[PDB]
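Inside the fold
As a plain string of letters, each chain reads:
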Amino acid sequence: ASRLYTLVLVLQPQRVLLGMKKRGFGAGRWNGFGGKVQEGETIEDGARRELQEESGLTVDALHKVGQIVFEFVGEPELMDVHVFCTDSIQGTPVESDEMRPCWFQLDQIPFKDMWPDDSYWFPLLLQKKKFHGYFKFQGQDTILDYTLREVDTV
Ligand SMILES: CNc1cc(=O)[nH]c(=O)[nH]1
């Protein structure tokens, strides 16, 4: 019982682009760009589409970097999140009524204002590692348990 999602991190050598969601799921937190995958759409095309819809950026090359399954206790649907990374983009990040994008220096990533799981896997992403993860949450702030391992193939 899992639903596909995408998550894209525009990660350059000294900085990463994050977006502050204004409403809905995860509002008030800095996050990568993504959302649900459409019927008849590949996960990668879904990731490219969501990056444009949410950030206004056009991605050329996308690299798979991780897979993370999220469980929210009491919610039937598991989120199967396919994480991607890019250093090659076109355009300038667009602020919209839904999203406020901002570039962060790598030593200044706002972990306290991000989903709690990011403190676990962002260190791997920053060191160009690939990973498989699972996080069980109680509500939106508490991680009850988790698993996270590095992999050669996502
Ligand atoms: C539930 N955890 C996460 C959801 C999401 O959209 N992005 C994260 O980094 N983590």
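Take helix α1 (residues 43–55) next. Taking 1.5 Å of rise per residue, the 13 residues of α1 would be expected to cover 18 Å, and the 18 Å separating its terminal C-alpha atoms lies within 8% of that figure. Taken as a whole, α1 has its buried residues at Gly46, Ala47, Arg49, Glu50, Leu51, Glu54 and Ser55. In this fold, the buried residues of α1 make contact with β1 (2–11), β2 (15–21), β4 (58–59), β6 (78–86) and β8 (99–105). Just past α1, the residue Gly56 takes up positive phi, approximately 80°.

Let's shift gears to the UniProt feature "domain: Nudix hydrolase" in the chain. UniProt marks residues 1–130 with the feature "domain: Nudix hydrolase", using the numbering shown here. End-to-end, the C-alpha atoms of residues 1–130 are 24 Å apart, and along that stretch the chain is 17% helix and 38% strand.

Mapped onto this structure's residue numbering, the UniProt feature "binding site: 8-oxo-ATP" falls at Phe25, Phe33, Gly34, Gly35, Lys36, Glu50, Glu54, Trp115, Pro116, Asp117 and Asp118. Of the residues named above, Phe25, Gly34, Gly35, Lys36, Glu50, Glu54, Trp115, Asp117 and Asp118 line the largest pocket. Residue position: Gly34 is located in the loop between β3 (30–31) and α1. Setting aside anything within four residues of it in sequence, one finds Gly34 in contact with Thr6, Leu7, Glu50 and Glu54. With respect to the element layout, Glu54 can be found in helix α1. Apart from the residues lying within four places of it in its own chain, the contact partners of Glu54 are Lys21, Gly32, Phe33, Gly34, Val94 and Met99. A distance of 2.9 Å separates the side chain of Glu54 from the backbone nitrogen of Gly34, its partner in a polar contact.

Procedures and definitions
Residues numbered from 1 in each chain as written, not as in the entry; some residues may be left out. Heavy atoms only, no water. Residues with missing side-chain atoms left out of burial classes, pairs and counts. Helix = DSSP H or I, 4+ residues; strand = E, 2+ residues; numbered from the N terminus. Expected span 1.5 Å × (residues − 1). Buried < 20%, exposed > 50% of the residue type's maximum accessible area, 1.4 Å probe, protein only. Contact = heavy atoms within 4.5 Å. UniProt positions renumbered as here; feature names shortened; annotations may be inferred. 1 Å grid on protein atoms, 1.4 Å probe; cavity = no way out; pocket = protein on both sides within 12 Å on 5 of 7 lines; lining within 4 Å. Polar contact = N/O pair within 3.5 Å; in protein donor to acceptor, adjacent residues only side chain to side chain.

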